[PDB]
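Take a look at the following structure, please.
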Amino acid sequence: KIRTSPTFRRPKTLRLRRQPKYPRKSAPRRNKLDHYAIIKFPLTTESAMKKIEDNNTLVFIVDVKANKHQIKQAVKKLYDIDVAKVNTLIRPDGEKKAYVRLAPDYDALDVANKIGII
Amino acid sequence: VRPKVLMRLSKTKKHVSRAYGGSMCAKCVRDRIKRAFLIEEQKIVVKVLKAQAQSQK
Amino acid sequence: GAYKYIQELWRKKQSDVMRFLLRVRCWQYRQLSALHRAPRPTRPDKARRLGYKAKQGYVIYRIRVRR
Amino acid sequence: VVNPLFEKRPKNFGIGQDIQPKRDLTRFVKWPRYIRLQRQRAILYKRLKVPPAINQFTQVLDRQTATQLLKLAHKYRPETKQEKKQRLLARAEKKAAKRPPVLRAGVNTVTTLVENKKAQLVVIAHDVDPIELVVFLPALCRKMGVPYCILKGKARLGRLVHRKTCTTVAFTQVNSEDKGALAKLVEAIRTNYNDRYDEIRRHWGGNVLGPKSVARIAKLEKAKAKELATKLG
Amino acid sequence: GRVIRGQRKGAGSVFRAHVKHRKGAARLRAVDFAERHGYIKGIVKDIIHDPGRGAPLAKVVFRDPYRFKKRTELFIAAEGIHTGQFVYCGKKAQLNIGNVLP
RNA sequence: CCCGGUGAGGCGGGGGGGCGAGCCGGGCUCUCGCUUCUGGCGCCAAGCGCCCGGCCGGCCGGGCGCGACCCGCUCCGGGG
RNA sequence: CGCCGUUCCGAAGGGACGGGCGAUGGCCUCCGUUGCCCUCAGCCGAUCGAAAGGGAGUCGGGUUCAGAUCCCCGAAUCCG
Ligand SMILES: [Mg+2]
Ligand SMILES: [Mg+2]
């Protein structure tokens, strides 16, 4: 009716949500970072054995794109174990190493036997 | 304390139990209470004189 | 036969009628941006004899070039 | 009985004093460029000198005449698409076992009719843009002796022919039951447009300053005429 | 020959103003209804030093006549003004040092 | 066409009101538009009028108008 | 090819307390969500720009061939 400000502003107008006639992609893309992809193989070095025996920690080489949440979910699902925390460093050769500490009720040396590490 | 530390302090530590407390010093709050009251009184006085001269006019 | 009169009318650019229309329209064109979508041909007779047709898929643009 | 707690608390809106009220500022708004451009084009037409060939289109039918003219024309509207399909289907039924009069739309159709003297009344919209499409038509209709009138709205002529817009329409024939209605229109229209043509084409438009300027001129003259009046006292 | 120093000054580059620590542009109030028909009151909050300028600047605060706001203006300090002083601007301010009149 | 300012915020004209003047209570030359003592406060309406609704003339809740004059063609100024 | 320009010729806000309407839900009691409408909104310049500027919050003991305020033991803390 009346303008109590000297400024004109673009009036707000309806914005409809997208309703595609067809999907631009026939099917969704397959998850290429599944549990099997995340965990490459276990590390069996001398420093890795020490972690198993003394820190209740498993030492895995993982995909460089994995994060600590995904690694934890992968280790639990693959081996039906529990994880206390996951530490990660990217090695000078470009591989990501995961220091997976298991829950206190899980014996890492026992679990390593299941995984075949030892 | 540093400004972001003020977020985790209770309110009692960041102010004073008085009008403007934590924002204006007591000395200047005294001056404002008088200044507000005394100027408002002056308005009434001039209003009566202005009204009187209007009556006398 | 209206397109004939318009063609002949636009040949009298120094007439009083045309001078008024060119003057005001140049003023209006000068208040817009250098490239400007136009809603319809300013000159329906001239546009069509240059190949334009009044159907979807033909669009008009007004361009301002420095002299 | 009134509650004594209620009282007047008037605001003093003088310079200084209280903040100003949110009064109507429509006159001082900064409007979008396109609003300024279309408004400034309306003042230029008033401000400048509009040649008679264009200015004539400002003279238009009064509302009473246009309503009668549009009521009569509404009896001769061209058939819609939906009902032309019906006529063809009925023509098939009539086949398996005269053209009524109608309006004529468009400056191209109407111009050719006017040159052939096949039009009895031509109606021209007053706001065709570009004006070249019709700026010549009034001068043509007078030359051929066709009565013509200028009506408000190329969109009101649009509603006649079921289109957004129409530059001009023309009566070529009417049913015998309407000849009297057309006859009265033609006689009223002709005296306003065809007969005054000598004066229409010598009548420029615009050339009117703005109210602030006019008031400034008047106030200056009002200082001399008063000075003149007090010359004798 | 090569471009002389005077020519090189107009290109900016190393010849632009040292405005890192300048307090702002010094201006009067934008003229509005209050100054056109009456006057408006302000208060000198501080008189400050502006780098690169000999004259001090005054920081005068007004009320916004249409909004609940305080307007901070940066004036050129007239000699003799002081903090806490009242200055007035408009067609009907009095003739006193620091006032702003047509 | 150009320049300046603004968050383009009260511009032009008229109405309405006030102090003065002076022609014989009214008209008009003609003026003004409510802030100058103090380093306070100051918005998101009070009030008045008119209608509407809900529950049971009483309670509860809305809308509108004045308050905040009317009409105007360039935002207001400066050039041109 | 592009350059200038950074608020300058721009309809530059996609936000919200609250109020009114519907549609949906669930620990269907009443609360949420969602869509529309009413109302309110300066910021006025996208974005980038510092491993020495600004910037919440971790310390002690042990431990390796090579890593530790990062691992282990212990005791804290900030933010959400
Ligand atoms: Mg305290
Ligand atoms: Mg840094």
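Numbers run from 1 along the shown chain.
Cβ atoms here come from the backbone N, Cα and C positions, even for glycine.
Annotations for this protein, taken from Swiss-Prot, read as follows:
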CROSSLNK  D:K22  SUMO2 cross-link
CROSSLNK  D:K71  SUMO2 cross-link
CROSSLNK  D:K212  SUMO2 cross-link
MOD_RES   D:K8  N6-acetyllysine
MOD_RES   D:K71  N6-acetyllysine
MOD_RES   D:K184  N6-acetyllysine
Of D:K8, D:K22, D:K184, D:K212, which is closest to D:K71 (SUMO2 cross-link) if I measure between C-alpha atoms? They're all recorded positions.
D:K184
What is the interatomic distance between the Cα atoms of D:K212 (SUMO2 cross-link) and D:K22 (SUMO2 cross-link), given in whole Å?
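Rounded to the nearest whole number, the Cα-Cα distance is 26 Å.
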Given the recorded sites D:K22, D:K212, which one is most crowded in terms of C-beta atoms within 10 angstroms?
D:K22
Using Cβ atoms only, which of the recorded positions D:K8, D:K22, D:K71, D:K212 are under 8 Å from chain A?
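Only D:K22 pass the 8 Å Cβ test.
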Could you state the whole-number distance in Å separating the C-alpha atoms of D:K184 (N6-acetyllysine) and D:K22 (SUMO2 cross-link)?
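Rounded to a whole number, the Cα-Cα distance is 55 Å.
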On a count of neighbouring CB atoms within 10 A, which of the recorded positions D:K8, D:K71 is highest?
D:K71
